[PDB]
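Remarks on the structure that follows.
Just so it is clear, none of the values below were taken in a lab; they were calculated from the coordinates. Cβ sites come from the backbone with ideal geometry, for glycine too, and all protein chains shown count toward neighbours.
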Amino acid sequence: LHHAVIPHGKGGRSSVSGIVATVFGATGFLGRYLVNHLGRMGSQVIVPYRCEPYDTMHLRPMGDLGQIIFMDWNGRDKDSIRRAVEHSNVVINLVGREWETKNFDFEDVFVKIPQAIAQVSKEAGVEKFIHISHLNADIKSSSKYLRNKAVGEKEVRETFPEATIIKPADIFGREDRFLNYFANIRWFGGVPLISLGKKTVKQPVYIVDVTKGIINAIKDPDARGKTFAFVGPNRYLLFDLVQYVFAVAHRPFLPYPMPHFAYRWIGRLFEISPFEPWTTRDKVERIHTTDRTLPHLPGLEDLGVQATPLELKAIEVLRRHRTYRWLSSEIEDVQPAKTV
Amino acid sequence: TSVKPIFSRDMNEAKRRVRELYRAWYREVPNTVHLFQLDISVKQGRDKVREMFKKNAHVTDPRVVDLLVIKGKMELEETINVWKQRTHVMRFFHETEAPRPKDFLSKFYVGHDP
Amino acid sequence: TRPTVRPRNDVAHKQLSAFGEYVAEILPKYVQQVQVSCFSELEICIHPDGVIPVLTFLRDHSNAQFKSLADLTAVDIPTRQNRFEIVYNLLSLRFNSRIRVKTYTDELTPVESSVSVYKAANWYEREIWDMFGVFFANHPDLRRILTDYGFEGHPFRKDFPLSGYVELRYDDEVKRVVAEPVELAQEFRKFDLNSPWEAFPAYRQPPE
Amino acid sequence: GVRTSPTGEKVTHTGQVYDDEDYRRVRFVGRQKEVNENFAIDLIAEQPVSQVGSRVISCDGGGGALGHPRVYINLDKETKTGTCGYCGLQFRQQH
Amino acid sequence: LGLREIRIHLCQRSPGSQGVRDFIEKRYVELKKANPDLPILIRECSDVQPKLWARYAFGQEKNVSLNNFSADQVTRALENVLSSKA
Amino acid sequence: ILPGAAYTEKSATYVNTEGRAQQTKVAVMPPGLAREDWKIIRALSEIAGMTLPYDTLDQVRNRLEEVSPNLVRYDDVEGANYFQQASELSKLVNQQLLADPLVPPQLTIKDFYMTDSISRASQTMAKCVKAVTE
Amino acid sequence: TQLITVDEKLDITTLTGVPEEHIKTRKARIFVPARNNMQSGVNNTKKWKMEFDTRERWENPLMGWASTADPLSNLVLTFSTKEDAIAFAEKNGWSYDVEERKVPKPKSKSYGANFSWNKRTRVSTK
Ligand SMILES: NC(=O)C1=CN([C@@H]2O[C@H](COP(=O)(O)OP(=O)(O)OC[C@H]3O[C@@H](n4cnc5c(N)ncnc54)[C@H](OP(=O)(O)O)[C@@H]3O)[C@@H](O)[C@H]2O)C=CC1
Ligand SMILES: [Zn+2]
């Protein structure tokens, strides 16, 4: 343990937390709050970015001077990964996509890239490698996302024996695509679902709890080789979840069922442009996929992180969608969604 | 031992002023959650008001608790008028700060501060 | 002592001595000390109950007419049992003159506000609340004037450190400017610069 | 005369170089470690030892008020040259 | 399980330690010969009240106030300490 | 190995040869993960399940006063009487004087500059020994 | 009447705005500062001073500077007498320890003692 990485200070902003983190995909939704919580401890955070550097500007106030190092990388480049991970004592991978593109499909993003990152972190002597899979990862799954993510989870395990693999169920926050997916389908016609969305059961997890779990797994030596499943404290159906989303947003709610006959074809109806697709058929198969319950895998409470419910933070997520006539309202307005 | 008071001649008038200030904050908290459009409940704000009043529940000097009532009414004047913002109200909730180690063993583990 | 040494004004020294005797014997109820410095400035050190009867005198007496409140000041000296020292700099435009009126308080004793004499003080003693914690009774709008709204403490007191106790940063989790306890990337280095040799024998104090 | 560490990193004139296991080389990943390749201790070795016939030599560094304060150097030691404390120019008495 | 050490705090000029001083000028030597490997730490201080600390097994320390006692009372308290052995 | 603190690096009571207890003040902090000594011993008591009745340094000094009160009374030599009773206890068993003459371990200036763990790890003291052996 | 009678203790700890950690866990030190033995001048040994314990200074990883987290690390207060410092420390709730004023005792200076007849205090040279 070198003298420059010995933990000093009171754990504040300008202290030395003793954590050198290479956070792949830190420019996304999870990496934003992860670099937020790491840099307020005074951690050396290496951010390898693929996108425009302007889309990394919000990562700059998140830590003290010389605590965030931005650098380029390519997904098919082991030289850039060796150039990044060689100084770190922890590597956290967060590379993901809700949609497949021309250049990167799900096999590139989930199977090839995390295996390459974990192989380079292994042959450069990185102590801790944390991978972020999805709770519904299944080889036999009906969606390409979950199949490729389970294959990539298997490969990350078989090329890094001490990999801490973390299973969030459904992450919500200010910049999510879970509650903001539900809230931004209002002018399309009435929020279509399969069997009115009451045959699938979910338990969403809050992003600050996910981040606290990842960082308390960084600081736990007993999380080496473990596999975690970060789930919320309460399980909802999907229908009363969407009820509660439109009821916090103070929006009209007129649902209608939409079966197999054309709701897989609204995928190819709504990625006709090369932009970000508003919804895709993989997202269709994953919204209507229930969250599995794995009692054998540890969760948030086994890392000492209190799972915050949706009834405390749904107002914070969904105040953005209220028009004006119910912006100034209260949290004591909405009767909460029924658990199962 | 003969000093000059501020408002209260003894502890009873001082507790009367503390009690009127608590009444005023308890009336103010729902409007504070409403117009600032905070992300907490009204009961959580009332709990924070209770904690901030119980923080100073040990003083037996009338001038000190008179000045605490004066400073609390200055806080209330800055709350009723929108002079504070969402940030100045939510500074009472030490949220971004990590919980400090309280027991001896974890303070021994992380630092030198007793 | 002609080129470098400042030329002493003995006429103004004698006139301020005579006017200090004048003020000291018109108001013996409150005036404690009267002193004139070497550069001929007058201080009427009084009792803090006599804020209004002295300052209304100097504003309204025909030989004083100290119409302009130049500067209201507090000075923290923690070695005294009434540590704060309230200073009134007054200007008489009629007699082309400047006087100083000094008094004392501790943290808890309220000083009488002088807005009924000089409305110019309406902010200044407000600043003395904001910086020193000196309360001013019967003030119209007494609150903070120079610090942040949720700021805890009185900064210009000498038991308050140079850097504060909290510092700010923008936090992207709560999307909000938050206050953490202060940490410096470099400590404010303290320079012990006092020479160990007595610079001025005229200001020598008698020993214990 | 800059010399390079076994890690591939240049060494300053002080001698500061980060060790191989130190993470703080990551600030130079993709960038450069700016050192000055004109070392003062090597440029003052190249100056010739000035022979004077005096016993005490005065040095101000050249330039008058553009140099250092004028100091007086004793040259009684026939073994050792009298190095100026400011400029490093060393003087020798020729007897 | 038994007595392990004795501590006797007292003063030089205080009259409250006076008989305690009269315990040491007259009754310490034949105490120490009767307890050869029992450390009996005599500690003289400036203005303390007299005291008898009796440390027993497993750190159990019991406390006796020897303030204003005579030499016979200090002798009786110390021999009750020696006889009890908690 | 339990990494402890040094005399400039902790607040600490040392008693000189005349009985005058004196406290050091913290100048710098111990390097690395090294902690103050009684902090380490108290945390070891907290691990093992035999927690000692002190938490702060003042409580250590209250315990230290309970052991002997002339350890927390600083810059004070407390006069110790009763030489006669220690003499009468000394005359019990006759231990015999050896015929080896009294020789101190520090004869010259060579043997002075390296005595403890701090002086032997010093390069200044090493230059002093190298410069007095010549 | 225009006065009250406060029988209780003068204590302003709730008014100063100091956090609790920098009230109870600190140790104020009340001391006449020792003479810098580089210099025979004694004007630095006149007034009493109040410092605190020195907390942790660590290396800034960027520049090697002395980063610190103690706000009261540079706070050195000046008091003309000792009991003013004691009353000030009692007033703010700071736990204080006091060193006494170490004064040099007067020495017997005699220039003729350097040239005695039968005494050892003859100087060997001048
Ligand atoms: N609901 C959720 O958010 C859940 C997410 N997860 C997983 O957690 C991780 C983080 O999620 P989240 O932040 O929300 O997703 P995002 O899509 O918002 O973030 C992905 C990050 O990885 C980068 N990235 C994406 N694709 C590539 C690529 N092909 N090559 C290189 N970099 C790439 C992105 O940067 P750039 O701008 O360059 O593309 C971005 O920084 C993902 O692995 C995701 O699968 C798991 C469960 C739930
Ligand atoms: Zn020169």
Give me the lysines in straight-line cross-link reach of A:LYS140: C-alpha distance below 20 Å, same-chain residues under 8 apart excluded.
-> A:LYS112, A:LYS149, A:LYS154, A:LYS167, A:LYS199, A:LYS202, A:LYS283
Roughly how crowded by other chains is peptide B:83-95, in terms of the mean Cβ count from those chains within 10 Å of each of its Cβ atoms?
-> 5
With the Cα gyration tensor of the stretch G:60-126 giving a ≥ b ≥ c as the square roots of its eigenvalues, does the rule (a/c under 1.5 for rounded; else a/b larger than b/c for prolate; else oblate) give rounded, prolate or oblate?
-> oblate
Cα atoms only, chain A: Rg and Dmax in Å?
-> 20.3, 64
What list of ³J(HN,Hα) values in whole Hz, one per residue of the stretch F:22-31 in order, does the Karplus curve 6.51 cos²θ - 1.76 cosθ + 1.60 (θ = phi - 60°) give from phi, with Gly and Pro shown as x?
-> 9, 9, 7, 10, 6, 8, 10, 9, x, x
Per residue Cα convex hull volume for chain G, in cubic angstrom?
-> 253
If a helix is a whole DSSP H run, which ones in chain C reach 30 Å or further along their own axis (Cα) and hold a mean Kyte-Doolittle hydropathy of at least 0.0?
-> none
With +1 on each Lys and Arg Cβ and -1 on each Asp and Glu Cβ, how big is the dipole of the protein assembly as shown about its Cα centre, in debye rounded to the nearest 20?
-> 560
Averaged over B:100-112, number of beta-carbon atoms from partner chains that fall within 10 Å | 5
By counting other Cβ atoms within 10 Å of each Cβ, how are C:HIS61, A:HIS250, A:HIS87 ranked from fewest to most?
-> C:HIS61, A:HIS250, A:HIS87
So for chain G, taking the charge dipole from beta-carbon charges (+1 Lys/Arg, -1 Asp/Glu), which of G:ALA66, G:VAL123, G:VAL6 sits furthest toward the positive end?
-> G:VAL123
What is the Cα centroid distance between the stretch F:45-85 and the stretch C:39-62, reported in whole angstrom?
-> 59
When a footprinting reagent is the concern and you count Cβ atoms within 10 Å, what order do G:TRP117, B:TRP83, F:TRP38 take, fewest first?
-> G:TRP117, B:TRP83, F:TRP38
GluC sites (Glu not before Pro) restricted to DSSP loop in the stretch B:22-114 with at most 15 other C-beta within 10 Å = B:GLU95, B:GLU97
Helix A:113-123: angle to the longest alpha-carbon principal axis of chain A, degrees 0 to 90, nearest 10?
-> 20
Residue-ordered couplings for the stretch F:98-110, obtained by feeding phi - 60° into the Karplus form 6.51 cos²θ - 1.76 cosθ + 1.60 and rounding to whole Hz (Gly and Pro as x), are 6, 7, 5, x, 5, 10, x, x, 10, 7, 10, 6, 5
In a Gaussian network model over chain C where Cα atoms closer than 10 Å are linked, find which of C:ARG80, C:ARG126, C:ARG98 has the largest mean-square fluctuation.
-> C:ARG80
Expected vector for the stretch F:126-134, Karplus 3J(HN,Hα) from phi with 6.51, -1.76, 1.60 and θ = phi - 60°, integer Hz, x for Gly and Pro, equals 5, 5, 5, 5, 5, 8, 9, 6, 6
Dipole magnitude (debye, nearest 20) for chain E, charges at Cβ of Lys, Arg, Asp, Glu = 120
Number of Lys pairs in chain C closer than 18 Å at Cα, excluding neighbours under 8 places apart unless interchain, is 4
Bin by bin, in steps of 10 Å, what percent of the Cα pairs in the stretch F:17-121 do you find, going until the bin that has the longest distance?
-> 10, 20, 27, 28, 14, 1
Once label points are set 7 Å from the Cα along Cα→Cβ at both C:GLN32 and C:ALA199, what is their separation, rounded to one decimal in nm?
-> 2.7
For the protein assembly as shown, build the charge dipole from Cβ charges (+1 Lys, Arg; -1 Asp, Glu) around the Cα centre, then report which of G:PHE31, B:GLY72, D:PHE91 sits farthest towards its positive end.
-> D:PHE91
Taking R0 as 60 Å, what's the FRET efficiency between A:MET71 and G:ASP7 from their Cβ-Cβ distance, rounded to 0.05?
-> 0.30
Would you look at the GNM of chain B, springs on alpha carbons closer than 10 Å, and say which of B:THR32, B:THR96, B:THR79 moves the most?
-> B:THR96
Diffusion coefficient in µm²/s returned for the stretch A:251-340 by Stokes-Einstein, Kirkwood Rh over C-alpha pairs, 25 °C and 0.890 mPa s, is 140
Regarding chain D, what whole-number volume in Å³ per residue does the convex hull of its Cα atoms give?
-> 144
Stokes-Einstein at 37 °C, 0.692 mPa s, Kirkwood radius from Cα pairs: D for chain B in µm² s⁻¹?
-> 200
According to the square roots a ≥ b ≥ c of the eigenvalues of the Cα gyration tensor, what is the shape class of the stretch C:72-121, taking rounded for a/c under 1.5, prolate for a/b larger than b/c otherwise, and oblate for the remainder?
-> oblate
Rounded if a/c under 1.5, otherwise prolate or oblate - chain C, Cα gyration tensor axes | oblate
May I ask you to derive the FRET efficiency for B:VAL3 and D:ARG55 from their Cβ-Cβ distance with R0 = 60 Å, giving the value to the nearest 0.05?
-> 0.15
Which value, in debye to the nearest 20, gives the size of the charge dipole of the stretch A:99-221 about its Cα centre, when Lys and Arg are +1 and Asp and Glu are -1 at the Cβ?
-> 540
Which order do A:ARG174, B:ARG27 fall in if you start with the one that has the fewest other Cβ atoms within 10 Å?
-> B:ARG27, A:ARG174
At a Förster distance of 41 Å, what's the computed FRET efficiency of D:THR79 paired with D:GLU37, Cβ-Cβ distance as r, to 0.05?
-> 0.75
Listed here are the pairs E:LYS26/E:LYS62; G:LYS24/G:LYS49; E:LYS85/F:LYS39; B:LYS55/G:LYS24; B:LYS102/G:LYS27; which of them are more than 23 Å apart at the Cα?
-> E:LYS26/E:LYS62; E:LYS85/F:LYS39
Counting all C-alpha pairs of the protein assembly as shown, share separated by more than 49 Å (%) = 51
For chain E, projected area of the alpha-carbon convex hull averaged over all directions, nm² | 5.1
Dipole of the protein assembly as shown [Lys/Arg +1, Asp/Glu -1 at C-beta], most positive-end residue of C:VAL54, A:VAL5, D:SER50 | C:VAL54
If you count, for every residue in G:12-25, the Cβ atoms of partner chains within 10 Å of its Cβ, what is the mean?
-> 6
